[PDB]
Structures are given as C-alpha cells and as structure tokens.
Amino acid sequence: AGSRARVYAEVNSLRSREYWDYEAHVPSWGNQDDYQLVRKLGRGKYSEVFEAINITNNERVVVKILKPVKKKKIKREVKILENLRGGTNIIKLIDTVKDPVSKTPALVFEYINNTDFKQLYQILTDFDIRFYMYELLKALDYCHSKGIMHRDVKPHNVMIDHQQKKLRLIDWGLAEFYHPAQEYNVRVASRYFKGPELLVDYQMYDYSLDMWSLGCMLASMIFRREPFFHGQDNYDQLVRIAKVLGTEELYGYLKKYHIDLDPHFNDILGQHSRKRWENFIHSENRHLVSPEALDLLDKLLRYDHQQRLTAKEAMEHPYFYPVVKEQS
Ligand SMILES: OCCCn1nnc2c(Br)c(Br)c(Br)c(Br)c21
Ligand SMILES: NCCc1ccc(Cl)c(Cl)c1
Ligand SMILES: NCCc1ccc(Cl)c(Cl)c1
Ligand SMILES: [Cl-]
Ligand SMILES: [Cl-]
Ligand code: NA
Ligand code: NA
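Numbering of residues starts from 1 on every chain and follows the written order of that chain's sequence, so it may differ from the entry's own numbering; residues lacking coordinates are omitted. Numbering of ligands from 1 and lettering of chains from A proceed in the order in which they are written. In computing side-chain values, all of the structure's heavy atoms are included and hydrogens and water are not.

Per the PDB record, this model was obtained through X-ray crystallography at a reported resolution of 1.05 Å.

Draft legend 1. Just the pairing of strand β6 (residues 105-110), in detail. With a 1.4 Å probe rolled over the protein chains alone, any residue whose accessible area is under 20% of its type maximum counts as buried; one over 50% counts as exposed, and the rest are partly exposed. Only DSSP runs of H or I reaching four residues or more are called helices, and only runs of E reaching two or more are called strands; each is numbered from the N terminus. When you tally the buried positions in β6, you get six out of six residues, the bulk of the element. Relative to β6, strand β4 (residues 59-66) is paired through five bridges, and the arrangement is antiparallel. When the sheet's bridge partners are listed, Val61 is paired in β6 with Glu110. In short, DSSP must find at least two bridges between two strands for them to pair. Bridge count between strand β5 (residues 93-98) and β6: five bridges; the pairing is antiparallel. When the sheet's bridge partners are listed, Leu93 is paired in β6 with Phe109. Here β5 folds back onto β6 in antiparallel fashion, the turn holding six residues, of which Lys103 has a positive phi close to 65 degrees.

Draft legend 2. Highlighting the domain arrangement of the protein chain. A domain assignment, automatic or from a database, supplies the domain bounds used here. By domain assignment, the protein chain separates into domain 1 (1-20 + 112-328) and domain 2 (21-111). Here, residues are in contact when the closest pair of their heavy atoms is within 4.5 Å. Domain 1 puts 25 residues into the contact, and the matching count from domain 2 is 19 residues. Once two parts are joined, some of their accessible surface, as seen by a 1.4 Å probe, is lost; buried area is that loss totalled over both. Summed over both partners, the interface of domain 1 with domain 2 buries about 2100 Å², with 54% contributed by carbon and sulfur atoms. Of all residues in domain 1, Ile112, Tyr142 and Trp172 bury the most surface against domain 2, accounting for 28% of the area lost on that side.

Written out as structure tokens, the structure is:
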C-alpha cells in the first residue's frame, strides 16, 4: 500500500495463474543441432550471443546460449518471451532449444541487422528520433499491457536496422511480472538508466521504471549527451540526477513515499536548483530540440514514478504527431 502502477495494475491477477507463474512453466526444448553458429555477437554474465543459420531452411537467426545454472531465471525469460509473442517491436523468440547431449539451453531469435549509430552516413534527424522513440514506446506499452516490466531499457537493448527502419527491444533476462504491492530487487537496469527509485532502494516500483530509462534515452538523443546522466557509481548516479532535477525536489519525493535515504548520500548530494531543460540546448543540438520535445522529456524525467507519463500517454504526446500523421 505504498505505491502501485497507474495502468495495468491488476492485469496479471485477472489472468490465469499459469500466465505469470513462471516457476511452473515447462518449456518445450527443441534440437539445437539444426543451427550452425557463424559469429559471436556478444557476451554477458548469463549468456553469449551468436549469429547463426538454421541449416534446415537457410534462415539467419540469433542464438543466445544460456549459462544453464539458474533454472528459475531461464523459465522466467522463456515464459515472458512466450507471453509477448507477436508483440509490436518485441524481439521474436523463434524457438527454445537444447544441445541434445549436454542439455544446455539456448534461445533462438529473429535476426536484426543492427546499425552502429557511431558510424553513420548521415546521422539522425529530428524526425528519425521521433520515429524510433515512437516505435520503442509501442514495445513498452505492449509489454506493460502484458503485465511485464523490462527493467533493462538502454540503447544497447534497442536494436535498430536503420536501412529497413525496424526496431526491436531485446534482452528480457531482467524482466519481471508486475504484481501490486510486490517488493522487487532494485539491482536491475544499467547504471545510467536506473531510476531514482532504484538508487534510493525503493522496492515497490512498477512499469514506470522503464519510462525513466526511456526518458534518459530521449534526453541523450535530443541533447547529444550520451549517456545523459553519467554516474561514476550508483551513489554518484543519483547526484548526477539531482544536479538536474534539484535536491529539494528529491527530498519531496522521498517524503511522499516515506523513503529512507542511505546516509552516505548526505556527504555527496550537495544543494542543487532544478535546472531548466532549455539550459542543455546549444548549437550542436538545437535542430533536435523543440518545445514539444522538452515538454515530453519534462514529463518522463520526474522523480515521482507515479507522475511520469505511461508509455501510452507518451505515445499520445504532441511530439509524436508528425510520426502518427506520416504513418497514416
Ligand atoms: O534477447 C537477448 C539478445 C542478445 N543480443 N545481443 N546482441 C544481439 C544482437 Br546484435 C541482435 Br541483432 C539480436 Br536479434 C540479439 Br537477440 C542480441
Ligand atoms: N544485452 C544485450 C546487448 C547486446 C549484445 C549483442 C548485440 Cl549484437 C546487441 Cl545488438 C546487443
Ligand atoms: N541501438 C539503437 C539505440 C537507439 C538509438 C536512437 C533511438 Cl531514437 C532509439 Cl529509440 C534507440
Ligand atoms: Cl525482483
Ligand atoms: Cl548536468
Ligand atoms: Na517481432
Ligand atoms: Na544505495
């Protein structure tokens, strides 16, 4: 009874228990021998990712081989991906497979030809940013409507094929089901994309965490400061936020939710006014900034997770009118 989501709060309760009870999920594990690994694409604490070919039909795919130890987390990611099947701009899980001898599991995803935006021919326009942000919001509205928080929204988890104009939200390994009043682990998201709720150890968070991360991406793309809030560690991350949003405003948020603040913060927060968003504009980013971009940003990068726009409200904002008009 501390906080709950403004949208989609009871949606899992209204579904069959099997929908959200991922520990009870029994995946159907197909045969990894149908896939030929071509090249390594990346590696994380829990997985490694390869480009591959399905030798039975010549399809190019991505294979994520899972370090098999933590079976509950595997079931969680599999069930979430199955629940999100067909969702707009969510990476498509094609199959769940195992090495038939070792039984190590892997996930097979659709291929996306991921653009490196550091190495571009013409770099992003105002319309490009509006377009891709709208496409990303479609994925977040979809997963939130499906009762799921992504909890790791960041540029590297948003694949964009800038030639075909295709966007996919990937890496659902940290995603969870939202249940009202549930207390969640705050050790989620990338440092630069962690919401203030995580940084102050507030466990009763919801889908609005992803909307903070989204806002951080919007700020970095319109202002060209990437990442926008560049903490040196989790403590400094909150200081970077407070230098923009203000310290008195932080304390008002903490008071509202009765949040205890780790006293190490007292020695590092200092005192900071809330800054005007227009302060971030200069000649190198002016062409990407508009009154409507700043109004949207202001409504996403708020301490109070409850008062941030939902993904749908964000999609409805005038910033996206040119996108909706072109899409019609
Ligand atoms: O869902 C976790 C996925 C991990 N992961 N890491 N790098 C990826 C790239 Br490049 C592409 Br293309 C795709 Br498709 C996926 Br899938 C990738
Ligand atoms: N968290 C997954 C990050 C990741 C790893 C590899 C690739 Cl190729 C991409 Cl796009 C993104
Ligand atoms: N890896 C692509 C990250 C990215 C870049 C630009 C935009 Cl506008 C978005 Cl939504 C996402
Ligand atoms: Cl959790
Ligand atoms: Cl700053
Ligand atoms: Na898809
Ligand atoms: Na802390």
